[PDB]
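Contents: one structure, followed by commentary.
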Amino acid sequence: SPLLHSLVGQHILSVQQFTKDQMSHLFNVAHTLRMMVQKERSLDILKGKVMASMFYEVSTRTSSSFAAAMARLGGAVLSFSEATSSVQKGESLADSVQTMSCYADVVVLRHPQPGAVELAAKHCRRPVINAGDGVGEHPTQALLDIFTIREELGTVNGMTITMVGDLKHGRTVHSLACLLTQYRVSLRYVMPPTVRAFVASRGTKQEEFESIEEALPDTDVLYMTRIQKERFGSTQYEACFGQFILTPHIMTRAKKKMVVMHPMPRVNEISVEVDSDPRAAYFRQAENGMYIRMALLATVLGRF
Amino acid sequence: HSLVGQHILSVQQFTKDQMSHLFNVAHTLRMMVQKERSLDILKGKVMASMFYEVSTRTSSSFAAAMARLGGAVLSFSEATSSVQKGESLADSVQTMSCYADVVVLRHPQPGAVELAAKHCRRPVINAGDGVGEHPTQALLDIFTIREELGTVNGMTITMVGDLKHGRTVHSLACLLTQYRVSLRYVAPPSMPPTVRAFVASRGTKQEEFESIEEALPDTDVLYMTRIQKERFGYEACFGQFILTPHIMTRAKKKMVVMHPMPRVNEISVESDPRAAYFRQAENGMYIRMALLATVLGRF
Amino acid sequence: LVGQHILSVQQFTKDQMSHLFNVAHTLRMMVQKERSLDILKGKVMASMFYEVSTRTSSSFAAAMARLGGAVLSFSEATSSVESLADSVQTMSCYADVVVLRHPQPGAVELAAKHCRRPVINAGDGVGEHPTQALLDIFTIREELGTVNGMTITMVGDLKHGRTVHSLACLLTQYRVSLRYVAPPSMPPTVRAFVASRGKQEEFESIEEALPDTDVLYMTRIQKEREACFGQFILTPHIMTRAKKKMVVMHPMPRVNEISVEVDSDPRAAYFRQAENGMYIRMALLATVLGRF
């Protein structure tokens with residue numbers, strides 16, 4: 001908590017704590033860490049430090065990337081399977097989280113419950129990096145979604161952002177959508193009216209649209225999301241199954257200097273034949289997170 | 001002083017010259033980490049983790065420990081193992097003995113561990129059995145006791161909670177007999193009067209007490225334990241063998257309270273430099289580094 | 001093989017395997033003397049197993065960890081389980097190889113098919129298990145001096161047998177007499193090609209087929225379709241009518257087919273078999289990643 005930019009020791013719990021000078025740095029780290037790997041430069045950076053993974057939701061992208069990330073800088077990772085943990089013996093979450101805070105130097109916690117994370121973070125001898133909460137924050141996702149947006153399109157400022165799919169529940173879209181307000185972008189929606197109020201305050205446009213087929217011609221980023229059939233309209237359900245879907249047939253009325261993103265997981269929303277399409281940056285999105293974590297973990301531990 | 005290759009199955013096999021060394025290793029390994037010195041000690045060697053009880057303190061520490069000296073660890077999940085195709089425990093344990101250089105096995109069954117250990121091309125470090133030992137726990141409980149209070153000899157030790165089932169308390173309570181300490185016991189009428197014949201034989205004083213509120217004024221270590229109201233057949237049993245921060249005011253100031261963990265409602269959460277149960281957990285990691293490293297000949 | 005997928009045993013040559021073996025010994029002997037192996041330092045392996053195992057994956061884990069690499073513990077149970085490809089490719093973002101094991105007919109071929117990164121089979125529904133077959137050879141070669149000339153008694157339930165179709169076929173790169181021991185219930189499907197390249201004969205039990213046996217390859221049965229269980233069993237009492245210059249193997253797991261008191265027997269190479277896989281993976285992984 002000193003001069004220059006530095007998170008050294010800082011917890012990483014909400015996206016509110018990031019600045020633009022920090023993120024650009026945070027991005028400048030990732031490219032540099034990436035490029036070391038691309039050429040095979042030794043990374044004894046977090047050699048000897050340890051990361052404690054704690055995930056109570058079901059994931060295999062955040063955690064994996066986090067695992068690859070830690071393992072790439074030289075560090076090690078504590079598999080924590082709650083299923084096979086002393087929780088099957090009645091122990092507090094803090095009790096565990098702190099216990100693990102004894103054997104590790106950072107923490108990566110992911111909990112669905114409303115703010116089980118804030119709590120566990122609150123008192124911790126060691127730092128905690130959010131990966132999910134019940135309140136919907138996901139700074140690492142939001143964080144990585146930017147590099148994609150910046151890398152993919154040259155700059156961030158000016159872009160118009162079509163966020164598509166079920167957004168109400170959407171816990172990733174509150175993380176990015178809000179943070180996007182550090183840039184000059186027009187937000188389109190295809191959403192929780194409660195925290196839509198913070199965004200529009202700072203002038204960040206906000207307009208609702210019928211489907212992709214209409215909102216797409218002025219689109220610089222097509223941010224997609226899993227819907228969930230179960231929990232939809234009611235009897236009727238049908239077209240909204242098909243509308244908020246990106247087939248390769250839709251993608252023909254889409255800008256050519258544009259990129260479509262997905263946090264993932266997905267199922268049938270983005271048509272499998274949309275895989276092989278340069279404008280398809282949803283898989284590279286997954287790849288680039290690994291470097292935010294290396295960009296983050298490494299910094300959050302003072303080794304960069 | 002050397003266990004190189006030795007199995008680590010019961011607490012009976014430790015000497016005082018060994019443990020002091022075993023402790024002198026831990027501090028030295030600790031202090032390397034505190035400064036950030038490279039530890040290519042068990043670089044290359046591999047540890048095979050095999051746990052059939054539900055834990056996340058012994059195994060984790062063990063994981064951190066191995067990972068810190070440079071080694072790697074085999075995540076062995078029986079759930080996803082050929083057990084679901086159904087093969088012998090030895091079969092597996094030996095199989096894993098093909099891919100690793102040590103082993104850390106934890107089994108509830110009476111002497112599933114002794115067996116698996118018995119025949120093994122590679123060494124096995126106990127972490128729990130049915131019959132009913134836990135040398136690494138006992139081992140680490142000492143450094144806490146020694147580190148926390150200056151010396152081990154002279155201390156009076158209040159072990160509180162359900163002790164009958166207690167598989168950690170038979171590991172330390174016995175071993176404590178290598179020192180000059182007065183053992184006190186606090187239990188719901190329901191310590192196993194089987195293993196107890198051995199400790200008091202050697203004059204390691206042993207006396208029963210009503211609760212903490214009586215046995216605490218002459219207490220150097222308050223060793224706490226999870227009850228298990230799953231054999232109550234008694235909310236005084238609940239609330240008596242409990243350490244609130246309000247009880248802690250009639251407790252010595254040159255004293256420390258320990259817990260192997262896990263816990264639930266027995267110790268009030270609540271900001272007491274006398275609270276060495278979390279640092280207890282931290283200090284195990286270094287027994288394992290102190291042990292694993294030695295048990296593998298790299299120190 | 002640099003970049004090559006490893007999906008069926010059809011893609012191996014004898015000059016490749018012998019190299020593939022010459023690597024394993026060399027990698028082994030570095031470990032025996034404790035030589036540093038920064039070989040796959042910085043690369044990452046993504047483990048993806050949908051069957052229940054703890055020998056292939058472990059060996060694979062030890063193997064990767066020994067050359068300096070790291071391993072992605074992928075537990076489908078705690079995973080987004082989205083498409084299998086979706087995942088397999090996703091993991092292909094975070095790793096440099098892949099070790100996939102799927103029971104389904106050709107879930108593996110598929111996932112492999114499109115992958116930015118290489119995939120090393122460990123099991124499929126078609127029954128192909130190149131790493132096992134691969135391994136089973138070094139044992140056969142190491143244990144008996146050479147591979148050519150040996151007569152191979154494969155015993156147990158062979159019909160379902162997914163490991164025996166990996167080795168039995170590949171064995172055809174050598175001059176060996178294949179013998180078979182089964183409960184009347186080997187699949188006469190792949191056998192269209194085994195005897196094409198030239199010996200195969202059926203036998204009543206071990207007690208008859210054993211006197212001209214150089215390798216006694218054993219297998220878990222399936223009480224699920226008695227003498228058919230005690231016959232195709234190797235007690236220590238049977239082992240006395242068995243050649244002295246001969247070795248008995250098992251892919252494992254086992255239960256009661258090989259009598260526990262057959263463990264401590266210098267003709268017993270089924271445990272060393274397990275040990276020697278670790279080095280095919282180091283022999284393979286390392287090569288498959290261009291660091292050797």
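Each chain in the structure tokens gets a letter, A, B, ..., in the order shown, and its residues are numbered from 1; ligands are numbered from 1 in order too.
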Near stretch 34-51 of chain B, within 6 Å and counting only C-alpha atoms, which residues show up once chain neighbours fewer than 6 positions away are dropped, as JSON, numbers by chain?
-> {"B": [69, 70, 71, 72, 73, 74, 76, 100, 101, 102, 103, 104, 105, 106, 298], "C": [66]}
Would you export the selected residues with C-alpha atoms as a compact mmCIF listing (two decimals), in the first residue's frame, please?
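Printed below is again.txt as written:
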```txt
# COMPACT_ATOMS: atom_id res chain seq x y z
CA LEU B 69 11.37 -28.62 -0.50
CA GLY B 70 11.02 -28.85 -4.32
CA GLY B 71 9.08 -32.09 -4.54
CA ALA B 72 5.82 -33.07 -6.21
CA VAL B 73 2.67 -34.81 -4.86
CA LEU B 74 0.41 -37.51 -6.16
CA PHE B 76 -4.65 -40.03 -5.00
CA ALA B 100 6.78 -42.33 -5.69
CA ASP B 101 9.57 -42.29 -3.10
CA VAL B 102 7.62 -41.91 0.17
CA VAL B 103 4.03 -42.45 1.23
CA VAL B 104 1.56 -40.73 3.50
CA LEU B 105 -1.26 -43.04 4.29
CA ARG B 106 -4.26 -42.44 6.49
CA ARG B 298 18.28 -35.20 1.70
CA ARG C 66 9.89 -36.12 -12.84
```
For stretch 7-21 of chain B, list every protein, DNA or RNA residue within 8 Å, evaluated using only C-alpha atoms, and leave out those in the same chain fewer than 4 positions away; present the list as a ChimeraX atom specification.
-> /B:1-3,25,113-114,117,123-126,133-135,138-139,171,175,178
Please build the interface table for chain C against chain B with a cut-off of 6 Å, listing for each qualifying residue the nearest atom pair and the distance in Å to one decimal; count only C-alpha atoms, order rows by chain and increasing number, and write it as CSV.
```
residue,atom,partner,partner_atom,distance
C:52,CA,B:80,CA,5.0
C:53,CA,B:81,CA,4.7
C:54,CA,B:81,CA,4.9
C:59,CA,B:99,CA,5.9
C:62,CA,B:99,CA,5.8
C:66,CA,B:44,CA,5.7
C:253,CA,B:87,CA,5.9
C:254,CA,B:87,CA,5.9
C:255,CA,B:87,CA,5.7
C:275,CA,B:98,CA,4.9
```
Counting only C-alpha atoms, chain A residues within 6 Å of chain B, as a ChimeraX atom specification = /A:48,84-86,91,102-103
Using DSSP on the backbone coordinates, identify the residues of stretch 44-206 of chain B assigned to strand (DSSP E or B); present them as a VMD selection string.
-> chain B and resid 46 to 51 72 to 76 102 to 106 125 to 126 156 to 160 182 to 186 206
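Here is the contact set of chain A against chain C, at 8 Å and counting only C-alpha atoms: residues 37, 40, 42, 43, 58, 59, 60, 61, 64, 65, 67, 68, 71, 72, 74, 265, 266, 267, 283, 284, 286, 287 and 290 of chain A.
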Saved selection, atoms kept: N, CA, C and O atoms, as a PDB file, in the first residue's frame:
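Output (again.pdb):
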```pdb
ATOM      1  N   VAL A  37       7.088 -17.100 -21.897  1.00  0.00           N
ATOM      2  CA  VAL A  37       6.636 -18.481 -22.127  1.00  0.00           C
ATOM      3  C   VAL A  37       6.744 -18.826 -23.616  1.00  0.00           C
ATOM      4  O   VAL A  37       7.279 -19.870 -23.969  1.00  0.00           O
ATOM      5  N   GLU A  40      10.201 -19.475 -24.004  1.00  0.00           N
ATOM      6  CA  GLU A  40      10.657 -20.473 -22.995  1.00  0.00           C
ATOM      7  C   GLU A  40      11.737 -20.002 -21.998  1.00  0.00           C
ATOM      8  O   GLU A  40      12.823 -20.598 -21.809  1.00  0.00           O
ATOM      9  N   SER A  42      12.844 -19.109 -18.278  1.00  0.00           N
ATOM     10  CA  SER A  42      12.655 -19.696 -16.963  1.00  0.00           C
ATOM     11  C   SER A  42      11.789 -18.705 -16.180  1.00  0.00           C
ATOM     12  O   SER A  42      11.882 -17.499 -16.394  1.00  0.00           O
ATOM     13  N   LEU A  43      10.935 -19.221 -15.296  1.00  0.00           N
ATOM     14  CA  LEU A  43      10.104 -18.361 -14.436  1.00  0.00           C
ATOM     15  C   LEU A  43      10.103 -18.894 -13.012  1.00  0.00           C
ATOM     16  O   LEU A  43       9.119 -19.445 -12.553  1.00  0.00           O
ATOM     17  N   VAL A  58     -18.946 -25.325  -8.854  1.00  0.00           N
ATOM     18  CA  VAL A  58     -18.368 -26.260  -9.804  1.00  0.00           C
ATOM     19  C   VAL A  58     -17.762 -25.477 -10.971  1.00  0.00           C
ATOM     20  O   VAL A  58     -18.492 -24.885 -11.776  1.00  0.00           O
ATOM     21  N   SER A  59     -16.435 -25.497 -11.079  1.00  0.00           N
ATOM     22  CA  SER A  59     -15.709 -24.826 -12.165  1.00  0.00           C
ATOM     23  C   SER A  59     -14.590 -25.669 -12.757  1.00  0.00           C
ATOM     24  O   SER A  59     -14.099 -26.585 -12.125  1.00  0.00           O
ATOM     25  N   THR A  60     -14.182 -25.320 -13.972  1.00  0.00           N
ATOM     26  CA  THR A  60     -12.952 -25.878 -14.562  1.00  0.00           C
ATOM     27  C   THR A  60     -12.409 -24.956 -15.654  1.00  0.00           C
ATOM     28  O   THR A  60     -12.054 -25.389 -16.746  1.00  0.00           O
ATOM     29  N   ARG A  61     -12.343 -23.669 -15.350  1.00  0.00           N
ATOM     30  CA  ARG A  61     -11.697 -22.679 -16.229  1.00  0.00           C
ATOM     31  C   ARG A  61     -10.925 -21.629 -15.438  1.00  0.00           C
ATOM     32  O   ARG A  61      -9.772 -21.335 -15.746  1.00  0.00           O
ATOM     33  N   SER A  64      -8.502 -23.908 -13.294  1.00  0.00           N
ATOM     34  CA  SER A  64      -7.468 -24.482 -14.164  1.00  0.00           C
ATOM     35  C   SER A  64      -6.456 -23.395 -14.527  1.00  0.00           C
ATOM     36  O   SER A  64      -5.288 -23.507 -14.200  1.00  0.00           O
ATOM     37  N   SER A  65      -6.935 -22.328 -15.154  1.00  0.00           N
ATOM     38  CA  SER A  65      -6.099 -21.185 -15.519  1.00  0.00           C
ATOM     39  C   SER A  65      -5.251 -20.800 -14.325  1.00  0.00           C
ATOM     40  O   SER A  65      -4.027 -20.731 -14.425  1.00  0.00           O
ATOM     41  N   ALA A  67      -4.448 -22.653 -11.848  1.00  0.00           N
ATOM     42  CA  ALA A  67      -3.518 -23.745 -11.625  1.00  0.00           C
ATOM     43  C   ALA A  67      -2.333 -23.661 -12.600  1.00  0.00           C
ATOM     44  O   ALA A  67      -1.167 -23.785 -12.204  1.00  0.00           O
ATOM     45  N   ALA A  68      -2.639 -23.470 -13.881  1.00  0.00           N
ATOM     46  CA  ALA A  68      -1.613 -23.358 -14.907  1.00  0.00           C
ATOM     47  C   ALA A  68      -0.740 -22.178 -14.556  1.00  0.00           C
ATOM     48  O   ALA A  68       0.486 -22.283 -14.521  1.00  0.00           O
ATOM     49  N   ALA A  71       1.524 -22.789 -11.503  1.00  0.00           N
ATOM     50  CA  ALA A  71       2.463 -23.814 -11.936  1.00  0.00           C
ATOM     51  C   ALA A  71       3.498 -23.318 -12.943  1.00  0.00           C
ATOM     52  O   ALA A  71       4.624 -23.803 -12.965  1.00  0.00           O
ATOM     53  N   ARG A  72       3.118 -22.337 -13.755  1.00  0.00           N
ATOM     54  CA  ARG A  72       4.021 -21.727 -14.762  1.00  0.00           C
ATOM     55  C   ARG A  72       5.078 -20.760 -14.193  1.00  0.00           C
ATOM     56  O   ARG A  72       6.165 -20.666 -14.723  1.00  0.00           O
ATOM     57  N   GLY A  74       6.430 -21.129 -11.394  1.00  0.00           N
ATOM     58  CA  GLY A  74       7.278 -21.988 -10.569  1.00  0.00           C
ATOM     59  C   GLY A  74       6.603 -22.477  -9.309  1.00  0.00           C
ATOM     60  O   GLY A  74       7.124 -23.350  -8.622  1.00  0.00           O
ATOM     61  N   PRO A 265     -18.740 -21.500 -19.136  1.00  0.00           N
ATOM     62  CA  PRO A 265     -19.106 -22.493 -20.175  1.00  0.00           C
ATOM     63  C   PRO A 265     -20.262 -22.127 -21.102  1.00  0.00           C
ATOM     64  O   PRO A 265     -21.016 -21.197 -20.811  1.00  0.00           O
ATOM     65  N   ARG A 266     -20.356 -22.887 -22.205  1.00  0.00           N
ATOM     66  CA  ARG A 266     -21.416 -22.755 -23.209  1.00  0.00           C
ATOM     67  C   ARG A 266     -22.023 -24.110 -23.472  1.00  0.00           C
ATOM     68  O   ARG A 266     -21.598 -25.113 -22.905  1.00  0.00           O
ATOM     69  N   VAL A 267     -23.031 -24.118 -24.330  1.00  0.00           N
ATOM     70  CA  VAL A 267     -23.720 -25.355 -24.742  1.00  0.00           C
ATOM     71  C   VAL A 267     -24.190 -25.287 -26.211  1.00  0.00           C
ATOM     72  O   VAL A 267     -23.521 -25.792 -27.102  1.00  0.00           O
ATOM     73  N   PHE A 283     -12.290 -18.611 -27.348  1.00  0.00           N
ATOM     74  CA  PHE A 283     -11.336 -19.651 -26.916  1.00  0.00           C
ATOM     75  C   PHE A 283     -10.002 -19.043 -26.513  1.00  0.00           C
ATOM     76  O   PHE A 283      -9.390 -19.477 -25.528  1.00  0.00           O
ATOM     77  N   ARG A 284      -9.553 -18.081 -27.306  1.00  0.00           N
ATOM     78  CA  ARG A 284      -8.415 -17.232 -26.947  1.00  0.00           C
ATOM     79  C   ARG A 284      -8.663 -16.387 -25.680  1.00  0.00           C
ATOM     80  O   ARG A 284      -7.721 -16.017 -24.960  1.00  0.00           O
ATOM     81  N   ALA A 286     -10.284 -17.586 -23.107  1.00  0.00           N
ATOM     82  CA  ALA A 286      -9.917 -18.562 -22.061  1.00  0.00           C
ATOM     83  C   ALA A 286      -8.402 -18.641 -21.863  1.00  0.00           C
ATOM     84  O   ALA A 286      -7.926 -18.700 -20.726  1.00  0.00           O
ATOM     85  N   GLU A 287      -7.671 -18.615 -22.978  1.00  0.00           N
ATOM     86  CA  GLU A 287      -6.190 -18.665 -22.981  1.00  0.00           C
ATOM     87  C   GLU A 287      -5.562 -17.467 -22.291  1.00  0.00           C
ATOM     88  O   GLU A 287      -4.606 -17.608 -21.533  1.00  0.00           O
ATOM     89  N   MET A 290      -5.309 -17.091 -18.173  1.00  0.00           N
ATOM     90  CA  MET A 290      -4.121 -17.709 -17.577  1.00  0.00           C
ATOM     91  C   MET A 290      -3.023 -16.689 -17.307  1.00  0.00           C
ATOM     92  O   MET A 290      -2.334 -16.792 -16.302  1.00  0.00           O
TER      93      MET A 290
END
```
Residue C:278 environment, 10 Å, only C-alpha atoms, sequence neighbours closer than 5 positions dropped, as a list in words | residues 98 and 99 of chain B; 24, 28, 55, 56, 57, 58, 59, 60, 61, 62, 63, 64, 66, 131, 135, 273, 283 and 284 of chain C
Residue list (helix (DSSP H, G or I), DSSP) for stretch 139-212 of chain B, as a VMD selection string | chain B and resid 139 to 149 169 to 178 196 to 201 212
Please provide the set of residues having any atom within 7 Å of residue A:129, restricted to only C-alpha atoms, with same-chain residues fewer than 6 positions apart removed, written as an mmCIF file with C-alpha atoms, in the first residue's frame.
```cif
data_model
loop_
_atom_site.group_PDB
_atom_site.id
_atom_site.type_symbol
_atom_site.label_atom_id
_atom_site.label_comp_id
_atom_site.auth_asym_id
_atom_site.auth_seq_id
_atom_site.Cartn_x
_atom_site.Cartn_y
_atom_site.Cartn_z
ATOM 1 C CA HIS A 11 -7.135 -8.791 -1.288
ATOM 2 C CA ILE A 12 -8.908 -8.958 -4.655
ATOM 3 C CA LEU A 13 -12.607 -9.102 -3.900
ATOM 4 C CA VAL A 107 -5.828 -17.870 -1.822
ATOM 5 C CA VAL A 108 -8.312 -18.318 -4.624
ATOM 6 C CA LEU A 109 -11.752 -18.744 -3.219
#
```
Closest-contact table, stretch 130-236 of chain B side, partner stretch 242-259 of chain B, 7 Å, counting only C-alpha atoms, as CSV:
```
residue,atom,partner,partner_atom,distance
B:148,CA,B:256,CA,7.0
B:149,CA,B:255,CA,6.9
B:213,CA,B:247,CA,6.8
B:216,CA,B:251,CA,5.6
B:217,CA,B:251,CA,5.6
B:219,CA,B:252,CA,6.8
B:220,CA,B:255,CA,4.6
B:221,CA,B:256,CA,5.2
B:222,CA,B:257,CA,4.4
B:223,CA,B:258,CA,4.7
B:224,CA,B:259,CA,5.1
B:225,CA,B:259,CA,6.5
```
Counting only C-alpha atoms, what is within 8 Å of residue A:206, bar same-chain residues fewer than 4 positions away, as a PyMOL selection string?
-> chain A and resi 186-189+200
Write out, as a PDB file, in the first residue's frame, the residues just selected, with C-alpha atoms.
```
ATOM      1  CA  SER A 186     -21.500   2.310 -25.820  1.00  0.00           C
ATOM      2  CA  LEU A 187     -23.119  -0.573 -23.958  1.00  0.00           C
ATOM      3  CA  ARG A 188     -25.906  -2.498 -25.588  1.00  0.00           C
ATOM      4  CA  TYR A 189     -27.989  -5.155 -23.967  1.00  0.00           C
ATOM      5  CA  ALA A 200     -25.552   5.160 -16.711  1.00  0.00           C
TER       6      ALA A 200
END
```
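Between atom CA of residue A:15 and atom CA of residue A:176 there is a distance of 8.3 Å.
Near residue C:225, within a cut-off of 12 Å and counting only C-alpha atoms, sit the residues residues 157, 159, 160, 183, 184, 185, 221, 222 and 228 of chain C, with same-chain residues fewer than 3 positions away left out.
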Non-local contacts of residue C:143 (8 Å; only C-alpha atoms; under 5 positions in same chain excluded) as a PyMOL selection string | chain C and resi 138+247+269
Preceding selection exported with N, CA and C atoms as a short mmCIF file (atom, residue, chain, number, x, y, z; two decimals), in the first residue's frame:
```cif
data_model
loop_
_atom_site.label_atom_id
_atom_site.label_comp_id
_atom_site.auth_asym_id
_atom_site.auth_seq_id
_atom_site.Cartn_x
_atom_site.Cartn_y
_atom_site.Cartn_z
N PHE C 138 8.67 -53.35 -23.11
CA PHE C 138 9.95 -53.13 -22.42
C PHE C 138 10.12 -54.18 -21.34
N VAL C 247 8.69 -65.13 -17.36
CA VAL C 247 8.20 -64.07 -16.51
C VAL C 247 6.71 -63.89 -16.69
N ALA C 269 7.11 -60.36 -12.61
CA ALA C 269 7.42 -59.04 -13.17
C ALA C 269 6.20 -58.14 -13.38
#
```
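Distances to residue B:28 were evaluated for B:296, B:172, B:267, B:289 using only C-alpha atoms, and the minimum falls at B:289.
For the atom pair formed by atom CA of residue A:203 and atom CA of residue A:25, the distance is 25.7 Å, given to one decimal.
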